[PDB]
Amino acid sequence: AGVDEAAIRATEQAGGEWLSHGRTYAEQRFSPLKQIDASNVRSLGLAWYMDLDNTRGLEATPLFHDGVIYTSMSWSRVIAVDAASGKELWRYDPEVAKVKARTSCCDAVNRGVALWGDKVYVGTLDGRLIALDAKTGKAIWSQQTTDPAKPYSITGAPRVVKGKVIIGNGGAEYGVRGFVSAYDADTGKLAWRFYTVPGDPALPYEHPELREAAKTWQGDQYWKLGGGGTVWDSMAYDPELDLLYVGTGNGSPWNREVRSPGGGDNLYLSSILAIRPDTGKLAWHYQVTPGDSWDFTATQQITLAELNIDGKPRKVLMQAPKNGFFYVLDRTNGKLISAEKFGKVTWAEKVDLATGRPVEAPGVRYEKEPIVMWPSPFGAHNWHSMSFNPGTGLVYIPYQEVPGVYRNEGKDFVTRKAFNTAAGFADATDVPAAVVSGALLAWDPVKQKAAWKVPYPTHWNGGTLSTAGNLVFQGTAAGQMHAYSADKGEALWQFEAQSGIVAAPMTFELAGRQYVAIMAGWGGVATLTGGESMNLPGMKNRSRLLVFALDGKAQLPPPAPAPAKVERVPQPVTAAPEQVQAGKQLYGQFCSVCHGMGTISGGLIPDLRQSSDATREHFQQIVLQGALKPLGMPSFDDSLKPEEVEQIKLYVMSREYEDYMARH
């Protein structure tokens, strides 16, 4: 009763609505709407906005259908907003335990919901796939898709194909076995499940593909460690070819030397899968990063399009994953058409067209010595949306340039109840502004070359939106909403959003008027690992749903200045070097993922260097006795001893004094 395949396909020509995550099943995030164009976007203004009781990352792409905006907020909460009145119609809160974040790698985020019939679908941080009544927001059915005992979580938006709700999950950083499932839209009954990596050999393979994949894995530890290959984000669908395309993630642990000692491609890690939606049977696959040992996922946006290659019309599938190569594949059979670097890439010389395999540079697998390379775990392109404009033939990518540093923990690797990369990710003590940069990259998929590029001081800028009005919209880490000419990248309109933006803009039509909406709420994993680059002006969270339209007259109020804060004058901290070092390591292994690398917090979670004296006195109570558990600060008594927590406190105070002396 409402949203069905015909309705979603129809939006391909009708720009009024946005019924699926990437707008259309092809996920081009291109709107035919052109009331707002390059000639008049200078007149664009804020039409209205909604303040949100949210203080964490907002990554959702809103959906618009029949006058209603459907979106989500941090902690997997869903809200329906009437686009005409601007009033919240209803909200659904799954009530995820705040401490669930201990096993949620990258901020308490949610990329959006899906629509089908008269229901709304959302995935939660604790592994649930829930169906809600579109009109009232009441829960219809709920499925616990993951083992509550394992470090799984759902952050991505589901898609609905032929009456089946498709959703994956995340957790490869902690160590889990990846998979994507299809649930019946009306009942929630599991239709089929495709695991992306093989499981315990002592048990049967769930499907034939796994038997073949198993031949590409070595050793007897990968299934105990999880294996990885989580499907936490992108997927596309072509109804004519009847193929569901899914992107799989990195391995668990990251380091193949520990994950699969003897080597191997480790299928289907970092791969693009073409699956039969009705059965879950694999039609074809393409492995983006064989033997992935760098957190190089292939879960980034998968866009379907029709391009003319060498004078011949081709049905392609495009992706610009973390590894830095831009892929153009024949979406009917998975044959590689082209693959070229779209930014700084030093881990591989190129992707061999004939074999389809990347030609790795010397020492990039860091077996004997640590390696500094590009891209990094943050990726040349992460989840921030890209978009395709059929008119210009260009793909607009939120490019990122950050150095990746990997160390082989090898025999010294120890599985912990925390991140298990086995690649020395814990060694990081900062993300310097000097070593990072970003850019709005207009990529030509046919020529495999940049058409134009707009530079940004840092990475972690928001997704893009393309429209028929020769425009591309994007929000930035620095706190602005932008509009550039699609063809040349000329800056046409800017707006101070009052919050760093990471989500993707979307547009729709209501009563003959075009609106552009964006979920403004600084967040995502980078804001948690922090570092200097993530503490520049504008990188603050002020969660709001912002809606723009021609001649919009709304104005955001000026924030109130922060109260007085007399920083404590740090007394010298004398301690044995090894003791401070022990604290440095323990902190990096267990606390950096939320409080920031080297204690340099990103602002969403407290800076341990600035804790009050009362807080410092209760350090043991907080860390080991869960005194702040109701606020989301986990208790680590299951992993750390009092003396170890003391070593961490010593390290923290050492950094506070170290930094305080920096100034003055």
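Each residue number is its position in the shown sequence, starting from 1.
For the pair 164-172 and 365-373, the mean Cα B-factor is higher in 365-373. Of the two stretches examined, 66-74 and 633-641, the record assigns the greater average C-alpha temperature factor to 633-641. Ranking 233, 292, 551, 209 by Cα temperature factor from the entry places 551 first. In the deposited entry, the Cα temperature factor of residue 417 sits in the top third of values across the chain's modelled residues. When all modelled residues of the chain are sorted by CA temperature factor, residue 257 is found within the middle third. Remark: residue 265 belongs to the lowest third of its chain, ranked by C-alpha B-factor as recorded. Among all modelled residues in this chain, the alpha-carbon of residue 58 has a temperature factor (C-alpha) in the lowest third.
The entry lists a Cα temperature factor for residue 599 that places it in the middle third of the chain's modelled residues.
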